[PDB]
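These numbers come from the heavy atoms of this one structure, side chains and all, not from hydrogens, waters or symmetry mates. Whatever order the structure lists them in is the order used to number ligands and atoms, beginning at 1. Here is the naming used below: chain letters follow the sequence lines, and residue numbers restart at 1 for every chain.
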2 protein chains.
Amino acid sequence: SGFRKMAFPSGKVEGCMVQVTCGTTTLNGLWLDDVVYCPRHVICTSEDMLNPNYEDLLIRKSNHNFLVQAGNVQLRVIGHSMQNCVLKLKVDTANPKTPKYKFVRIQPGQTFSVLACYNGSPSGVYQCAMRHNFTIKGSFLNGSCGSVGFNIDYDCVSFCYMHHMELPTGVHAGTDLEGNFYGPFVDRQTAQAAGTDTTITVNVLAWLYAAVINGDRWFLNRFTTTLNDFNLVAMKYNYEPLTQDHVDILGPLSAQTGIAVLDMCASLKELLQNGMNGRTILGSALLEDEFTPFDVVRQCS
Amino acid sequence: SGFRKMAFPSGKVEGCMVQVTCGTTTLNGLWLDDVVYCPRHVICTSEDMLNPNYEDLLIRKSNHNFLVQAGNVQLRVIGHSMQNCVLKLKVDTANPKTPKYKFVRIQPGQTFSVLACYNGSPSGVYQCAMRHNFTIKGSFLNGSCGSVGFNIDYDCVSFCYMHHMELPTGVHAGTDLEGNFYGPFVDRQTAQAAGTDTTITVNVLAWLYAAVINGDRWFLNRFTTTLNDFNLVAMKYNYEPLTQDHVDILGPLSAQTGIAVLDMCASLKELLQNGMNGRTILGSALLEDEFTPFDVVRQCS
Ligand SMILES: Cn1cnc(Cn2c(=O)nc(Nc3cc4cn(C)nc4cc3Cl)n(Cc3cc(F)c(F)cc3F)c2=O)n1
Ligand SMILES: Cn1cnc(Cn2c(=O)nc(Nc3cc4cn(C)nc4cc3Cl)n(Cc3cc(F)c(F)cc3F)c2=O)n1
């Protein structure tokens, strides 16, 4: 029993984290096989970071301009190239700790683990979700650039996020490992700000099922709603539309608990309309939306 | 910016996790140097687990009764002994991945990371606190026995918890790595239940400082209270007494924010007396008490 914000074990990722320095600019890199991946922002000097032309900046660099440190061992850079917003530094040594891995891009509403890293040294691990506005509500300080987000499936690390920058609201923006930003952001100083966000409805329902599995039942009721009638209410509260795809994905949790999805939607409707009235669900006084149906099934069974 | 339930990177602990089987009973063990540590409950058969005499059960076992598996490698057991509620199995191979480590016992209100493990295979990592009733609000399923809790200081893993059992309320009980239970619990079937718990006041204050560091200031006020007057109010709400020791520990956060501890106590008093009125602090609608002052300083600076 119990339900926690649970991350994947981070060891397979810790073994790939390195420090990359270009000039006086330093950040974190990801060392897989004989390649180090890092944000291309590392090639900016303080005068470049505002409005850089990255193709110009990279043409002006040599392999010897990049210092890659794996612990107390320098890795010799023998090639460099840029793929969108990530730099690829070919090194003369394959990482012996390379796990089985993939580069996958995730969807808003999906979750991943973040290994926060400073000067190539891992500091902490936490769980977060990609928001509907393609930001993440992370926890990052100066020096965290290049930290990565990932999921683990069996033995395979699926890397899905590399951290670039903090937006004015304190939320975070980054790329997939192909260098393509999540959301309408660029790796330079502009007026960019996060767009409007919504509550991830299917995740809230998954978490209500987690609560029932853990014996929190006070919010259940005898009612069932239609999908259309639920969506009419949920949108008024800035909740994402619930689809038949979402209902289908919640099927296993509905089976384990014996509560149909549209029956649980009637609980959520009442919680939205009435509040929680001084009570809690799984130790929270808010409706939590950063657990996916798969996260709940993984943790509760 | 940002504030998350953040665990320590778990790789140093993953490299020590093994599976221990005695008869048909299986659980997780911790392999450090040439010793495997695990709950002594592993020597119980289904008929023994209710009311065992462990000294009797261990005298009836041989080294060959213990199967220790480190991944796909069997470790040869060459000695066995029991220290309180933990079994020590001496193996013929020192773990090459042994980190620098200590066995430390923690205090109620302190936090640690948990590496949840099943069949010797790490599954997830999360953060929790030792409660005042010496339980933890963990997330554990069948097969998690022997999972460990730890903190990391520089390069040194301080192991502080090994998981034994789930109590009827769904909270969790275990030992330090010397085999000594946290709280008045025993590794057998009795009427044992968790005693009354309290809110960890110094942690709530630390988290309010975290909120201020992150720009959440709506709960601040012009007032300051005395320590005695705060404690008179906080106890009515089942909060632990605040001591001058706690005030002193909060000094660094008070300095960074420029808010005296007794000034912040006046905010907490008002939050307790008035509620939160539909607003949130660091994304929560409750006062969070599982971040220590050290956790806040580590994460916010
Ligand atoms: C508070 N916070 C939360 N997340 C972050 C991530 N982050 C970062 O770690 N570093 C950044 N700028 C740098 C300054 C450097 C100074 N030296 C010596 N080396 C440095 C390296 C960097 Cl990367 N930034 C800012 C930033 C990073 C980008 F990748 C980008 F495209 C635009 C930006 F404004 C940063 O956000 N800090
Ligand atoms: C739901 N939950 C949450 N935490 C836990 C931890 N936990 C556990 O993992 N296993 C336990 N009993 C076993 C049965 C076995 C069956 N086989 C084949 N092997 C087994 C090994 C164990 Cl350890 N228990 C119960 C339990 C474990 C103790 F160490 C103890 F002293 C008393 C107990 F009732 C358990 O709580 N499950």
Handout entry: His164(A) and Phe181(A) aromatic centres sub-6.0 Å
Key = yes

Might you point out which heavy atoms bring [X] and [Y] nearest each other, and give the distance in Å?
X         : Y         : answer
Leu167(A) : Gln192(A) : CD2-O, 4.2 Å
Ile43(A)  : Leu58(A)  : CD1-N, 3.7 Å
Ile213(B) : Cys300(B) : CG2-CB, 3.9 Å

Problem - Nearest neighbour of atom 34 (F) of ligand 2 from the list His41(B), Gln189(B), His172(B), on a heavy-atom basis - result: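 Closest candidate by heavy-atom distance is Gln189(B).
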
Exercise for the section: Pick, from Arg40(B), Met49(B), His164(B), the option with the minimum heavy-atom distance to atom 24 (N) of ligand 2. Expected result: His164(B)

Please report whether ligand 2 has a polar contact with [X], defined as an N or O pair separated by less than 3.5 Å (distance criterion only).
X         : result
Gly143(B) : yes
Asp187(B) : no
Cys145(B) : yes

Completion exercise
So the atoms of ligand 1 within less than 4.0 Å of a heavy atom of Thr25(A) turn out to be 19 (N), 20 (C), 21 (C)

Problem - Atoms in ligand 2 flagged as close to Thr24(B), the criterion being non-hydrogen separation under 4.0 Å - result: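 Counting from 1, the qualifying ligand atoms are 18 (C).
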
Practice task
For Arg188(B), take its heavy atoms, then give the atoms of ligand 2 lying under 4.0 Å from any of them.
Solution key: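 What qualifies from ligand 2 is 31 (F).
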
Problem - Under 3.5 Å donor-acceptor, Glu166(B) side chain and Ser1(A) backbone - result: yes

Exercise for the section: Would you check whether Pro39(A) reaches within less than 4.0 Å of ligand 1, judged by its heavy atoms? Expected result: no

Exercise for the section: Could you tell me how the ring of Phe140(A) sits relative to the ring of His163(A): parallel (under 30°), tilted (30 to 60°) or perpendicular (over 60°)? Expected result: parallel

Exercise for the section: Just say parallel, tilted or perpendicular for the rings of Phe103(B) and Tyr37(B), cut-offs at 30° and 60°. Expected result: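 Ring orientation of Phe103(B) relative to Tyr37(B): perpendicular.
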
Practice task
Specify side chain, backbone, both or neither for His163(B), according to which of its non-hydrogen atoms lie closer than 4.0 Å to ligand 2.
Solution key: side chain

Practice task
For ligand 2, note which part of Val42(B) has a heavy atom under 4.0 Å away: side chain, backbone, both or neither.
Solution key: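 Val42(B) to ligand 2: no contact under 4.0 Å from either part.
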
Handout entry: Check against salt bridge (charged side-chain N to carboxylate O under 4.0 Å, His left out), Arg131(B) and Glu290(B)
Key = CA-CA 9 Å; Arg131(B) 309 298 313 171; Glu290(B) 295 202 352; 3.0 Å; yes

